[PDB]
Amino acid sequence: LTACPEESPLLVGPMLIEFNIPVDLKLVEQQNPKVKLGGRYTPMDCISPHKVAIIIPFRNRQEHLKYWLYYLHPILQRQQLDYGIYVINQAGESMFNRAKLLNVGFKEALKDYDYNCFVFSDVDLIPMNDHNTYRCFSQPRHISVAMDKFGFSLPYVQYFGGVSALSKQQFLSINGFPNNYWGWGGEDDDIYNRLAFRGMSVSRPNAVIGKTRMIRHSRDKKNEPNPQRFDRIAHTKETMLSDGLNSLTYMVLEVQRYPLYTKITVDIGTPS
């Protein structure tokens, strides 16, 4: 087999994304027989240069995961990626720490395979067009550029939340993501600041192909606005040196290999 084409011949373009019909993973597995234990998939027809670990921060959103898996597995296979799905589950009752969980996913995924690309995706975002490739580019890639939540548009040019992708080198170059953001908000802006400080610019697909749907949900009392977020993002240049991959610590409570994904439950401590 030879290299997969630059653009996949399997793409269909725009897709209807609805969260009406309940999902059944047994069925999802039935429809995706090529996905191997742990949610790994590698094309058999060609060789993909995109070895992608897809990292999903997570806490008590199984219904969301079902929909995510139902839609993403067929898309990712169409995109001809050599990928693995990782759900990083936060144990405990401390406020949600999205960035820290993404850092754990990076370290843990690397134990399974020599991934060269990392897609970081909220569990409630589904791309509406499969030309929006879930892989890495020469510059950091922001993927969920036109979420319905923001009226199918980018809320501000510095926005790097939702779904993004960084090659292993790009991630390493910014000392990964911050571990000190507890509660909602700002951690994605901090990441944006890091990329900028390392001289990188943000690559994005246009607003049409970047259309993305957000599964609706009620406020998560376990993820309230972080009171310190505005201060923290003003010091990224200095704190990115001492808070990141190099200061990441956590305890693995359980690694679960399911047919559609790997779920790692971790204890990431408490606000320091």
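Quick note: we count residues from 1 along the sequence shown, nothing fancier.
Stretches compared: 91-99, 169-177. Higher mean C-alpha B-factor in the entry: 91-99. Mean CA temperature factor is higher for 17-25 when stretches 17-25 and 245-253 are set side by side in the entry. Of the candidates 212, 228, 203, 31, the deposited coordinates give 31 the top C-alpha B factor. In the PDB entry, a CA B factor belonging to the lowest third of its chain's modelled residues is recorded for residue 57. When the CA B factors of the chain's modelled residues are split into thirds, the value for residue 135 lands in the middle one. Among the modelled residues of its chain, residue 35 has a C-alpha B-factor that falls in the highest third, as given in the PDB entry. Among all modelled residues in this chain, the alpha-carbon of residue 240 has a temperature factor (C-alpha) in the middle third. Compared with the other modelled residues of the chain, the Cα B-factor recorded for residue 44 ranks in the highest third.
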